[PDB]
Amino acid sequence: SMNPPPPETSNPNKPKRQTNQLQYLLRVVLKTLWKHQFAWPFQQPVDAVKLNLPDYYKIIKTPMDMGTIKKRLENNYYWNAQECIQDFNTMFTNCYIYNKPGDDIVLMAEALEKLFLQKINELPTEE
Ligand SMILES: CCOC(=O)CNC(=O)CN(Cc1ccc2nc(-c3cc(C)c(=O)n(C)c3)n(CC3CCOCC3)c2c1)C(=O)c1ccc(N=[N+]=N)cc1
């Protein structure tokens, strides 16, 4: 069950630019989900080797996790909020299409996604 290289988390030739939305995504959205009791399965890429999941990276074409998202926000990898929101959505979608609906991991994803969507509802104006 081989692990792919983790997604890129630094862009060596992108200018450093804050926005109200990117500040919000790091300091409100990521920080709130990261400290949640159910965060830990999402804080790093799925280690298919350690968890013995030979089919995980066969089924999941676009791997994503909050560890990667946190590093991307800290490294100012995202040009805008929408790329970051897409990464959260991909992470949740991966969980829902791979794991059985009645799994603990899916209830954990649903709790984090509820919190995510509530915070995105109050996303600052594009400015
Ligand atoms: C000899 C080989 O033995 C092993 O496999 C050892 N590997 C270990 O350490 C495994 N763990 C910890 C661990 C860390 C991160 C994970 N991330 C996931 C996970 C999977 C899948 C498909 C997925 O889609 N996403 C997004 C994440 N899982 C699976 C679980 C499946 C159940 O629900 C919660 C996620 C993780 C597992 C544990 O065993 C462990 C879990 C909870 C504990 N709490 N207590 N008390 C204590 C330990």
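The analysis underlying the following values was restricted to heavy atoms, covering all of them including side chains, and did not include hydrogens, waters or symmetry mates. Note that the numbering runs from 1 along the sequence shown for the chain.
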Can you see which heavy atom on [X] is nearest to which on [Y], and at what distance?
X: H36; Y: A111; answer: CE1-CB, 4.4 Å
X: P63; Y: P7; answer: O-CG, 3.9 Å
X: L73; Y: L25; answer: CD1-O, 3.8 Å

So, does [X] use its side chain to make a donor-acceptor pair with the main chain of [Y] at under 3.5 Å?
X: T32; Y: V28; answer: yes
X: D103; Y: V106; answer: no
X: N75; Y: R72; answer: no

Do [X] and [Y] touch side chain to side chain, with heavy atoms closer than 4.5 Å?
X: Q118; Y: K114; result: yes
X: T9; Y: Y77; result: no
X: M108; Y: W40; result: yes
X: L22; Y: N80; result: no

Same cluster (ILVMFWY, side-chain, under 4.5 Å), [X] and [Y]:
X: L117; Y: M91; answer: yes
X: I60; Y: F88; answer: no
X: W79; Y: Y24; answer: no
X: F42; Y: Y57; answer: no
X: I105; Y: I97; answer: no

Roughly how far apart are [X] [atom1] and [Y] [atom2], rounded to 0.5 Å?
X: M66; Y: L112; atom1: CE; atom2: CG; answer: 5.5 Å
X: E127; Y: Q21; atom1: CD; atom2: CD; answer: 9.0 Å
X: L115; Y: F38; atom1: CG; atom2: CZ; answer: 12.0 Å
X: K50; Y: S1; atom1: NZ; atom2: OG; answer: 12.0 Å

* Please step through side-chain contact (heavy atoms from CB on, under 4.5 Å) for the pair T19 and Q23, ending with a clear verdict. => CA-CA 6 Å; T19 70; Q23 288 279 26; over 6 Å; no
Enclosure of [X] [atom1] (heavy-atom neighbours >12, cutoff 6.0 Å):
X: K14; atom1: NZ; value: yes
X: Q18; atom1: CD; value: yes
X: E8; atom1: CD; value: no

* For the pair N94 and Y56, evaluate side-chain contact (heavy atoms from CB on, under 4.5 Å) and give the outcome as yes or no after the intermediate values. => CA-CA 10 Å; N94 291 345; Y56 185 83; 4.0 Å; yes
* Modelled atom types, side-chain donor and acceptor of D87 and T90, under 3.5 Å ->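 Side-chain D/A pair, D87 to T90: absent.
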* **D47 side chain to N3 side chain, donor-acceptor N/O pair below 3.5 angstrom** =>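 There is such a pair between these side chains.
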* Electrostatic pair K70:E74 at N-O distance under 4.0 angstrom ->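 Counted as a salt bridge, because a side-chain N and a carboxylate O are separated by less than 4.0 Å.
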* To do: Dump the intermediate steps for side-chain contact (heavy atoms from CB on, under 4.5 Å) on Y96 and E113, then the final yes or no.
  => CA-CA 11 Å; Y96 295 140; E113 192 190 12; 2.8 Å; yes
* Asked: Do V46 and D65 pass the side-chain contact (heavy atoms from CB on, under 4.5 Å) test, and can you show the C-alpha distance, the side-chain angles, and the key distance before you say yes or no?
  -> CA-CA 8 Å; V46 169; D65 66 280; over 6 Å; no
* Aromatic rings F116 and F92: how do their planes relate, parallel, tilted or perpendicular, breaks at 30° and 60°? ->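 Tilted: the ring planes of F116 and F92 meet at 30° to 60°.
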* **Identified side-chain contact (heavy atoms from CB on, under 4.5 Å) counterpart of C84 within the set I69, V29, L30** =>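 Answer after filtering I69, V29, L30: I69.
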